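Q: This structure is in structure tokens; I'll ask about it shortly.
Protein chains in written order, with the entry's author numbering: chain A, 219 to 453, 458 to 736; chain B, 219 to 322; chain C, 219 to 322; chain D, 219 to 453, 458 to 736.
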């Protein structure tokens, strides 16, 4: 429109209908100039790294991008509490995104002092990768998302991507992408940008915990009409059979079995434990691709620990969040928040235990029957399992890789897997050259006016709800704040205005039968 | 239009139809003041040259000009590869040119 | 039709449309008499083999069969090169089969 | 149709309308099996040749082809005489082609004796290269065309083609063509084949000889209003000028000049001439392509000899036809018929003479004026020329090479140049395998029944005529037979039934002004 007219209003609210909840969040963003308007080839050689498992090749772009792939970007703690305490499931339906109130500033430095002024004629470029023609980086748990607290002003992360690499070198199959080779809208201070997106059909997330275990689905009062091998010896091959009943539930015939497993090493959170060695990488569970070892993290959805063993967690089978103010490198256990998936112990195997035992020979009068531990078990017919729970500060969705085949493409870090997820939204400040020389020079200009941009961003997502119809008589487990006095209110600001999330919040508090 | 409204968008893409390919390219340009707004007579004497095969007379203008008479101004390397590997011939048909987002 | 009239023509060509390619191939075949018009029980004993991993039982028929389950039966090397250099994917859609010019 | 019904009639006649003549010719052909149904790579190594100018790479196909690219295939000598004596020009308009009365035979040899019988169920395959996707070999003066005498039965020539070569080896750019990769009609004894072709617009062939010379177009009674430099010296630079008039026609100003030239070495047909050396290749005029020397033959259309010098002919600037029964290698001059282009001496330069003289220096008081002979002269503005004449036994058309540029694409051997000439008509006997083994073998069959095919071929061509409207008073030169007694009639059969063409017949007997 014009310089003196706002191009949008501040929309931040949650609307709770019967089977739907609509979340709207608005944030103020700041966008600097990245790479000084240049594309730069990057690799482990340019970052000084030399281990082959950490080798890479790719490019850093002068473009930024908008990321809102975390639940706390849309749900307040109270809204999250309502969702998890009142619904058996939820899933995103549609998306509305807006950019408005664009403000481009120029920075001039004379001597140790910088002056900031408006550049009303400068432009900012925005486009969406609706055709998914660029590498998708929103499927990784990267920082730079919209802040959970609406009052926080955030910096737009720089967009970068990786391609095929051989050590620090590239190959002929490696691809280079120029983001200026895409049509993009150019916005001055009076312009705004908006688009709508429809989520593809995805299953409802399981925001419930099973009230029954897979091995306890039988009637505890009635025998089965099936027999099991009880005895074998007299005290001669004396085969004896008995009815499987309530007194021996472990040997009863069952129609379904627990889901797959990929065993994790076990770590205790108890201080004054002596470790026998440094094992964080040597003892790690891991998968190899083209000679590169990657850590299995978080791996298949498995129960974090057995009943009563909350002190143990899988070495890399659980999401680890950092508390507010936590450092980047080598922080203590009390500075991080270790999530656990104990709710899925009713259907999924324990992460730090073998799946089971399998016969490994033919027993005879000369050879005793032998069994072997199954540390990793693939998918078998009749298996049932629960996917990893999602969290308030955890990811929402991920892009299913474009491959010939996949099985249960639920993101392993939690969330909804989609072939066509919300498109990447890329933003960049248009370069503004400084005064050029009065004589023609064919070289590309390298002198630009120092600029940055700021504005507001709004994203609205409609969520579909799956209401609970339980006939359970006794009250359910519910997420609740603790009344006991404390120096600060949980999920609030401190005396210095710092917002903090004191604990990870799952979704599985209500119960339903298996 | 106005100071605070963009006068055009960034269009840079290639569209491949059956018998036609449409190339669009957008660039950012900078234009200084040439000759301090003056027209100047130029010659090999003003550039100090004295061989007769290199002798000339003419004028330098304060005007600039836009030139896109090179194939890489319109075709990306991948588009060029497609064109050369899949076609026995090609020729230009029509042109569209735009100047926008003027900043003085 | 008749003895002196051909029952079909030689069709062997590839037609490249926008999103579709139609491949046609014609070959000359010869069919002898198999097993002297008999069905015969066959096994690893009749072929003299005695390893259990290679043991088998079955039948050999006096019938022949037409097989075109290889890509080079339909795509020339140039057509294959075009397909692989210009397309992200392909799949068969429909089939037409003909036998003609029978000569016994 | 059926075995016992003819699929076509014998059509061989010429119909003379006002401005059009329609020629129809029917011939009986025989088609054997070529290369034993195989494609074979051929090169100068496979033929034992080692000179680099003669090096080649290509393929021989089992297909034959029909060729009617000679005028005597359509015009009888009397029709040719009428055409050349009554018309100033002619050009082909449209084409009709027919194959019918197909007869396929099988040959069986027991012991030194062969038995031939009909194979009523066998097929012959015919198709036309209407899209010009195969190498065009009809543009060369090859043998194998339809015989001039309708009663002669001819053998179908085998189709072969050449591609890019480096010595006897091929390169990556070389192309291999499979003629079975084309849709073709399969014909039994009851079937027939036919198609129609329309000639693209071509200029009328010049079937006239100019009655004026390019240097004698002025009025012989009136002076020009232009002056020429007559004198220079006194006997001091004394420049003298004179009017160019009838007394000095050589110095008169002229608007047009003779056409281009590429000088030929001169050879005398007179016996008992002593040659100074072997010069047939060392003295030859020639052009080089990629390091290979090719003879300039017949080269640009130039006058064969000056007036009264019929004994001389250019070394390779004239078409040479062989008399009936003439051998293939090293025959005497009396066994060949040397064509001449003396009719174009009025506009074209003499083949064995320089185009002219050009100044080569600046004359002065110290240096005498110098001139140099122009042995080769390219196209200049104002040039006019006549193309090479066509002959009864000479070629009719040729395919203009598909190139970015060309100038006056009239075939240098004579005829009409076309981007889309009459398409190649390719024919092959369908292989008929012998008895295969009773056990499956994956190798391609190499045992086939010995077969050949025979039938009739008809081609009808409509020619457009350009009538003469001359006001010449005295009678014209006309082609005529000689009444004087001879043992045989010219253009007739001998006592052994051998048809012969005793002389080449041009088309340029009538006259018109320049």
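Even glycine gets a Cβ: it sits at the ideal position worked out from N, Cα and C.
Along the alpha helix (DSSP H) that carries residue 301 of chain C, what are the first and last residues, could you check?
A: Residue 301 of chain C sits at position 83 when you count from the first residue of the third chain. Membership of residue 301 of chain C in the alpha helix (DSSP H) is indicated by the continuous run 295–304.
Q: If the cut-off is 9 Å on Cβ atoms, which residues from the stretch 246–260 of chain C count as contacting chain D, listed in chain order?
A: 246, 247, 248, 249, 250, 251, 252, 253 and 254
Q: Specify the secondary structure class of residue 290 of chain B as computed by DSSP and reduced to three states.
A: Position 72 of the second chain holds residue 290 of chain B. Three-state result, residue 290 of chain B: helix.
Q: Below 8 Å CB to CB, which residues in the same chain sit around residue 396 of chain A once its five sequence neighbours on both sides are set aside?
A: Your numbering for residue 396 of chain A matches position 178 in the first chain. Counting only Cβ-Cβ distances below 8 Å, and skipping sequence neighbours, we find 257.
Q: Output, in chain order, the set of chain A residues within a Cβ distance shorter than 7 Å of residue 233 of chain B.
A: For the purposes of this step, residue 233 of chain B is taken as residue 15 along the second chain, with counting starting at 1. None at all; the shortest Cβ gap to chain A is about 11 Å.
Q: Mapping the DSSP letters down to three states, classify residue 255 of chain A as helix, strand or coil.
A: Position 37 of the first chain, counted from the start, is the residue given in the question as residue 255 of chain A. Helix at residue 255 of chain A.
Q: So, is the C-beta of residue 226 of chain C closer than 8 Å to a C-beta in chain D?
A: Counting from 1 along the third chain, the entry for residue 226 of chain C is found at position 8. Under the Cβ criterion of 8 Å, residue 226 of chain C is counted among the residues facing chain D.
Q: Using a Cβ cut-off of 9 Å, pull out every chain D residue sitting near residue 239 of chain C, in sequence order please.
A: Against the third chain, residue 239 of chain C aligns to sequence position 21. Those within 9 Å of residue 239 of chain C in chain D number zero; the least Cβ separation is about 15 Å.
Q: Assign residue 569 of chain D to buried or exposed, taking buried as 16 or more other Cβ atoms, counted over all protein chains shown, within 10 Å of its Cβ.
A: Stepping through the fourth chain from its first residue, residue 569 of chain D is reached at position 347. Buried, since its Cβ has 16 or more Cβ neighbours within 10 Å.
Q: Residues bridged to residue 484 of chain A by DSSP?
A: Here residue 484 of chain A is taken as the residue at index 262 of the first chain, counted from 1. Partner(s): A:598.
Q: So what does DSSP say about residue 383 of chain D, is it helix, strand or coil?
A: Numbered from 1 along the fourth chain, position 165 holds the residue referred to as residue 383 of chain D. Strand, per DSSP.
Q: Can you list the residues of chain B that residue 658 of chain A reaches, using a CB-CB cut of under 9 Å?
A: Position 436 of the first chain, counting from 1, holds the residue named residue 658 of chain A. Correct list: 248, 249 and 250.
Q: Pull the bridge partners of residue 247 of chain A from the DSSP assignment, please.
A: Here the question's residue 247 of chain A lines up with position 29 in the first chain. Residue 247 of chain A pairs with A:372 and A:677.
Q: Between residue 687 of chain A and residue 284 of chain A, is the Cβ-Cβ spacing less than 8 Å?
A: Against the first chain, residue 687 of chain A aligns to sequence position 465. Against the first chain, residue 284 of chain A aligns to sequence position 66. No, the Cβ-Cβ distance between residue 687 of chain A and residue 284 of chain A is not below 8 Å.
Q: Relative to the C-alpha of residue 242 of chain A, which residue among A:234, A:248 and A:249 is closest?
A: Here residue 242 of chain A is taken as the residue at index 24 of the first chain, counted from 1. When each option's Cα is compared against that of residue 242 of chain A, the closest is A:234.
Q: Have a look at the DSSP bridge pairing and note the partners of residue 231 of chain C.
A: For the purposes of this step, residue 231 of chain C is identified with residue 13 of the third chain, where counting begins at 1. Paired residues: C:242.
Q: Name, please, each residue of chain D whose Cβ falls closer than 7 Å to the Cβ of residue 229 of chain C.
A: Position 11 of the third chain, counted from the first residue, corresponds to residue 229 of chain C. Scanning chain D for C-beta atoms nearer than 7 Å to the C-beta of residue 229 of chain C yields 401, reported in chain order.
Q: Taking residue 403 of chain A as part of the beta strand (DSSP E), name the residues at either end of that continuous run.
A: Against the first chain, residue 403 of chain A aligns to sequence position 185. Counting along the chain, the beta strand (DSSP E) containing residue 403 of chain A begins and ends at 403–405.
Q: Measure the alpha-carbon distance for residue 489 of chain D versus residue 289 of chain D and round it to whole angstroms.
A: For the purposes of this step, residue 489 of chain D is identified with residue 267 of the fourth chain, where counting begins at 1. For the purposes of this step, residue 289 of chain D is identified with residue 71 of the fourth chain, where counting begins at 1. Rounded to the nearest angstrom, the two C-alpha atoms are 28 Å apart.
Q: Take residue 645 of chain D and list the residues in its own chain whose beta-carbon comes closer than 6 Å to its own, dropping the five residues that flank it on each side.
A: The count along the fourth chain starts at 1 and reaches residue 645 of chain D at position 423. Cβ within range, chain order: 346, 347 and 348.
Q: If you draw a straight line from the C-alpha of residue 442 of chain D to the C-alpha of residue 693 of chain D, how long is it?
A: One-based indexing of the fourth chain puts residue 442 of chain D at position 224. One-based indexing of the fourth chain puts residue 693 of chain D at position 471. Going from the Cα of residue 442 of chain D to the Cα of residue 693 of chain D covers about 27 Å.
Q: Grab me the residues of residue 700 of chain D's own chain with a C-beta within less than 7 Å of its C-beta, minus the 5 sequence neighbours each way, in chain order.
A: For the purposes of this step, residue 700 of chain D is taken as the residue at position 478 of the fourth chain. Result list for residue 700 of chain D: 303 and 731, in chain order.
Q: Let me see if you follow: with CB-CB separation under 8 Å, is residue 266 of chain C close to chain D or not?
A: For the purposes of this step, residue 266 of chain C is identified with residue 48 of the third chain, where counting begins at 1. No, residue 266 of chain C lies away from the interface with chain D (no Cβ there is under 8 Å from its Cβ).
Q: Taking C-beta pairs closer than 8 Å, name the residues in chain D that residue 223 of chain C reaches, listed in chain order.
A: Within the third chain, residue 223 of chain C is the residue found at index 5, counting from 1. Those are 219, 220, 406, 408 and 409, listed as they occur along chain D.
Q: Using a Cβ-Cβ distance cut-off of 8 Å, determine whether residue 287 of chain B contacts chain A.
A: Locating residue 287 of chain B in the second chain gives position 69, counting from the first residue. Closer than 8 Å: no.
Q: Can you pull the DSSP bridge partners for residue 686 of chain A?
A: Taking the first residue of the first chain as position 1, residue 686 of chain A is located at position 464. In DSSP, residue 686 of chain A forms a bridge with A:238 and A:309.
Q: Report back the beta-carbon spacing between residue 683 of chain D and residue 292 of chain D to the nearest angstrom; my notes put them in contact at under 8 Å.
A: The count along the fourth chain starts at 1 and reaches residue 683 of chain D at position 461. The count along the fourth chain starts at 1 and reaches residue 292 of chain D at position 74. Sure, about 6 Å apart at Cβ, within 8 Å.
Q: Would you give the residue range spanned by the beta strand (DSSP E) that residue 558 of chain A belongs to?
A: Numbered from its first residue, the first chain carries residue 558 of chain A at position 336. Start and end: 558–560.
Q: Return the residues of the stretch 327–340 of chain A that lie within a Cβ-Cβ distance of less than 8 Å from chain B, sorted by chain order.
A: 338, 339 and 340
Q: Going by DSSP in three states, residue 566 of chain A sits in which element: helix, strand or coil?
A: What you label residue 566 of chain A is simply residue 344 of the first chain in a count that begins at 1. Note: residue 566 of chain A maps to helix in three-state DSSP.
Q: Please classify residue 240 of chain C as buried or exposed, where buried requires at least 16 neighbouring CB atoms within 10 angstroms.
A: The residue given as residue 240 of chain C occupies position 22 in the third chain. With fewer than 16 other Cβ atoms within 10 Å, it is exposed.
Q: Would you list, in chain order, the members of the stretch 667–682 of chain D that have their beta-carbon closer than 8 Å to a beta-carbon of chain C?
A: 667
Q: To the nearest whole angstrom, what separates the beta carbons of residue 649 of chain A and residue 344 of chain A, a pair I think is in contact under 8 Å?
A: In the first chain, residue 649 of chain A corresponds to position 427, counting from 1. In the first chain, residue 344 of chain A corresponds to position 126, counting from 1. Yes, residue 649 of chain A and residue 344 of chain A are in contact; Cβ-Cβ is about 5 Å, under 8 Å.
Q: Return the CA-CA distance between residue 394 of chain A and residue 388 of chain A, expressed in angstroms with no decimal places.
A: The residue labelled residue 394 of chain A in the question sits at position 176 within the first chain. The residue labelled residue 388 of chain A in the question sits at position 170 within the first chain. Taking the straight line joining both Cα atoms gives about 11 Å.
Q: At 7 Å on the CB atoms, spell out the chain C contacts of residue 655 of chain D, in chain order.
A: By one-based count along the fourth chain, residue 655 of chain D stands at place 433. Within chain C, the residues near residue 655 of chain D are 248.
Q: The beta strand (DSSP E) that contains residue 649 of chain D, what's its start and end?
A: Taking the fourth chain and counting its residues from 1, one reaches residue 649 of chain D at position 427. In the DSSP assignment, residue 649 of chain D falls within the unbroken beta strand (DSSP E) covering 647–651.
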